[PDB]
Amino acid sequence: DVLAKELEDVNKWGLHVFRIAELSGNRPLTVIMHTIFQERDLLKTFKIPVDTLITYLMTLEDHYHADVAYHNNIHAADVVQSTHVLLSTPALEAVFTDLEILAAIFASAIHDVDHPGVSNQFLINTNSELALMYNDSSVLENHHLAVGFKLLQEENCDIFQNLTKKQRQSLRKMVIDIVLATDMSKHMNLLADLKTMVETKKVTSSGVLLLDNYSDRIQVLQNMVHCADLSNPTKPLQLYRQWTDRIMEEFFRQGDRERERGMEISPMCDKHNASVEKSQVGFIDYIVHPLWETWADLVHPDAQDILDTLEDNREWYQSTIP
């Protein structure tokens, strides 16, 4: 009922994703992906039959873990909706084709699927089967991709059945390139390249940015989904604080497994010695703001409302520290 009203803000930074999760019966990924596919007219641009989209989105949502506090289907729905908005920055218009747009969105949707709630380093240090499979390199991100594509092969789940063979092949490559770039261990390289693109930036006199080679473009799409993955501190405070509660619950539960198994407690995962508010402001100062300020430069200045909220939320969290 009122699910319909909440969804009408699908194009706005600060969607009530947690409400939409409650109202949809814990299906925010499905309903937000559905809505967005209509808003951008993708069920026809790519001849996706509507029931095939739902069957896949439902199976995909099921492979996010409901007993994981942060890396679940609400985070996936939130990154989807956030990428959907960053794709409409005025300074990007005419930059991405429809296939590149479908790539960033599908990638956002699968980018954390089957997340166990622990870090790559935890999986490596524990000689997990995942790290054995993927040779310690972007272990989670490779797994997210493998599962996300694998589910397409379930019954009536191939939402790409009517893409041409080359379209499928191009989409698969772009999705892989995007999701692999969500690995935080690649944040610094990715930001350095985004800065280089800012210095050597080229633009119409009318604001809009000009990217010509695939290398530059996929680099923007990687940093874009990376943005949406690190967009919690840029949302309104009541949203951000719930995200902070959830990631800290996940960190603490990993630190508890590191304690029970008797290994070193990873940074910020020690519930007996954690400063949640000092961590958030350090997260902003060293990762989220350098990132979003570089991105705001790239799309100068359609990102101001977002860079503003980020600096507001950083001031508030700092004020919670005596």
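Position 1 is the first residue in the sequence shown; the rest follow in order. Basically, rigid core = biggest C-alpha set you can superpose within 1.5 Å across the two forms.
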Between 75 to 83 and 205 to 213, the one whose CA atoms sit farther away in 9 other deposited structures of this protein (rigid core aligned) | 205 to 213
Superpose on the core, then say which of 247 to 255 and 91 to 99 ends up with the larger RMS Cα offset from this form in 9 other deposited structures of this protein.
-> 91 to 99
Quick one: higher average CA temperature factor, 203 to 211 or 159 to 167?
-> 203 to 211
For the C-alpha atoms alone, is the average B factor greater in 110 to 118 or in 191 to 199, going by the entry?
-> 191 to 199
Of the options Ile287, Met263, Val31, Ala69, which has the highest CA B factor as deposited?
-> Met263
Hey, out of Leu291, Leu57, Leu43, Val281, whose CA B-factor is highest in the deposited coordinates?
-> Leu43
Would you mind checking where the Cα B-factor of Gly148 ranks among the modelled residues of its chain, as the lowest, middle or highest third?
-> lowest
Of the three thirds of Cα B-factor ranks in this chain, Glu93 occupies the highest
Can you work out whether the C-alpha temperature factor of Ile101 puts it in the lowest, middle or highest third of the chain?
-> highest
Split the chain's modelled residues into thirds by Cα B-factor; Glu277 lands in the lowest
